[PDB]
Every structure is written in structure tokens, then in C-alpha cells.
Amino acid sequence: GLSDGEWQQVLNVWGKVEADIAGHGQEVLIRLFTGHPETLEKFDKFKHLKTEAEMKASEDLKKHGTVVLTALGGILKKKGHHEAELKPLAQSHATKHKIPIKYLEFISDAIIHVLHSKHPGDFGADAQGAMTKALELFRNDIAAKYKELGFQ
Ligand code: HEM
């Protein structure tokens with residue numbers, strides 16, 4: 001649950017992402033894959049990537065980064081009223097991709113890391129607080145659907 005002022009911070013930060021969605025999406029996935037190499041094994045189309053240089057050179061990884069952040073941005077713009085947008089993603093990630101909630105924690109922290117890396121000194125403590133709360137809400141509502149499905 002976020003206040004109006006917190007949502008305003010989230011959507012202000014998101015403007016930074018929308019200026020370069022592919023570059024942000026690429027770096028988020030690279031941070032996930034290099035920090036948590038077990039996550040790469042869930043992607044049949046990226047498991048061939050052995051080095052970060054190959055990851056950086058992969059145009060399909062940048063494409064998928066655009067898909068991921070476009071979906072997340074659509075959810076964030078609903079300011080919590082995201083049941084219709086979130087349900088299909090919860091279902092596909094639990095039942096088809098088999099993504100444990102832990103990996104959603106990993107990618108949430110990766111987003112925070114990338115924002116500081118690309119905007120050092122321009123991602124203030126209030127903005128980090130609000131973005132963190134928004135990603136916690138996203139993860140918590142996914143977790144509720146995971147529990148319904150019995151997925152661990
Ligand atoms: C912010 C969190 C995430 C968002 C918004 C997101 C979004 C998406 C979307 C929109 C798709 C394509 C449609 C679909 O299959 O539902 C997708 C596919 C997929 N996601 Fe995610 N995802 C997220 C996190 C993760 C994480 C953490 C993992 C694994 C560590 C993951 C694994 C996958 C896989 C394996 C696919 C299929 C890729 C393919 O072969 O095309 N997702 N995701």
C-alpha cells in the first residue's frame with residue numbers, strides 16, 4: 001500500500017527508465033544473470049551465454065529486457081490496481097516458466113542496483129523507498145497467486 005506521494009515518486013523514477021527502456025532492461029537482466037547464475041538456467045534462449053561480453057552483445061537479451069520492463073511499467077502505472085495485468089504474469093511464471101518467488105526478489109533488488117548505477121546521485125532516498133515499496137507490492141501480489149496455485 002502506497003500513498004499518492006509515493007506513487008508520484010515511483011512514476012517520476014520510471015520516467016528515467018522510459019527514456020532508455022532497452023538499456024535499462026539489458027542491464028537489469030545482466031545484473032540478475034551475473035549475480036545469480038542459476039537464474040540463467042530458466043531461460044532456454046539465454047543459457048548459451050557464458051560471458052558477460054556475450055550477454056552485452058546479445059540483441060535478443062536487450063529485446064527481452066524491453067518486454068520485461070514494458071510489462072512492469074504497465075503494472076506500475078496502475079498504482080496498485082493491477083489485478084488484471086498481474087494475473088497472467090503470475091500464472092505464466094508459476095506454471096510455465098517455474099520461477100520461484102526468490103528470483104522475483106533477486107530481480108527487484110537488481111532494479112534498485114541498476115537505477116543507482118545509471119543515475120548516481122539522482123536516485124534519492126525517498127525515491128528508493130517508494131520504488132522498493134512498489135516492487136514489494138508487486139512481489140506480494142504475485143506471492144498470493146503462487147500460494148493459490150501451490151507453487152514453490
Ligand atoms: C519484474 C519481473 C518480471 C516481469 C515483469 C516479467 C515479465 C515477463 C514477460 C512479459 C514475459 C513474456 C510473456 C510471458 O511468458 O508471460 C516473460 C517471460 C519469461 N520470464 Fe519473466 N518477468 C519477470 C521476472 C522473471 C524472472 C525473475 C525470471 C527468471 C529468473 C523470469 C523468467 C521468464 C522466462 C524464462 C520467460 C520466457 C522467456 C522466453 O523463452 O521467451 N521472469 N517475463
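Quick note: numbers below take in every heavy atom, side chains included, and nothing from hydrogens, waters or symmetry partners. Numbers here simply count residues along the sequence, with the first being 1.
- Shown here are the side-chain hydrogen bond (donor to acceptor under 3.5 Å, both in side chains) partners of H93, two or more places apart in sequence or in another chain: there are none.
- Here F43 contributes atom CZ and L49 contributes atom CG; the two are 11.0 Å apart, rounded to the nearest 0.5 Å.
- Linking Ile, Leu, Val, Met, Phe, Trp and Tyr residues whenever their side-chain heavy atoms come within less than 4.5 Å leaves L11 and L135 in two separate clusters.
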Next item on the list: In sequence, state the C-alpha distance, the side-chain angles, and the governing distance for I142 and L89, and then conclude on side chain to side chain contact (heavy atoms under 4.5 Å, CB included).
Entry: CA-CA 8 Å; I142 294 177; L89 291 183; 5.8 Å; no
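- A heavy-atom distance below 4.5 Å is not found between the side chains of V28 and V68.
- Counting heavy atoms from C-beta outward, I30 and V114 have side chains that stay 4.5 Å or more apart.
- In this structure, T34 and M55 have side chains that are in contact, with non-hydrogen atoms separated by less than 4.5 Å.
- Annotation: side chain of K42 is in contact with side chain of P100 (closest heavy-atom distance under 4.5 Å).
- Atom CD of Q8 has 12 or fewer neighbouring heavy atoms from other residues, nucleotides or ligands inside a 6.0 Å radius.
- The distance from the OG atom of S58 to the NE2 atom of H48 is 5.5 Å, given to the nearest 0.5 Å.
- Annotation: salt bridge (charged side-chain N to carboxylate O under 4.0 Å, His left out) contacts of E105 (sequence neighbours excluded): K102.
- With rounding to the nearest 0.5 Å, the separation of NZ in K63 from CG in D60 is 6.0 Å.
- Using cut-offs of 30° and 60° for the angle between ring planes, the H36 and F106 rings count as parallel.
- Sorted by first and then second residue, the pairs that involve residues 143-152 and meet salt bridge (charged side-chain N to carboxylate O under 4.0 Å, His left out), not counting sequence neighbours, are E83-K145.
- The side-chain hydrogen bond (donor to acceptor under 3.5 Å, both in side chains) search around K62 returns none, not counting sequence neighbours.
- By the 4.5 Å heavy-atom criterion applied to side chains, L72 and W14 are counted as neighbours.
- The stretch residues 115-126 participates, sequence neighbours left out, in these salt bridge (charged side-chain N to carboxylate O under 4.0 Å, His left out) pairs: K16-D122, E27-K118.
- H116 meets the ring-ring contact (aromatic ring centres under 6.0 Å, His included) test with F123; sequence neighbours excluded.
- With hydrogens and angles disregarded, a donor-acceptor distance shorter than 3.5 Å links the side chain of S108 to the backbone of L104.
- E54 places a side-chain N or O within donor-acceptor distance of the main-chain N or O of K50, the cut-off being under 3.5 Å.
- In this structure, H119 places its NE2 atom where more than 12 heavy-atom neighbours from other residues, nucleotides or ligands lie under 6.0 Å away.
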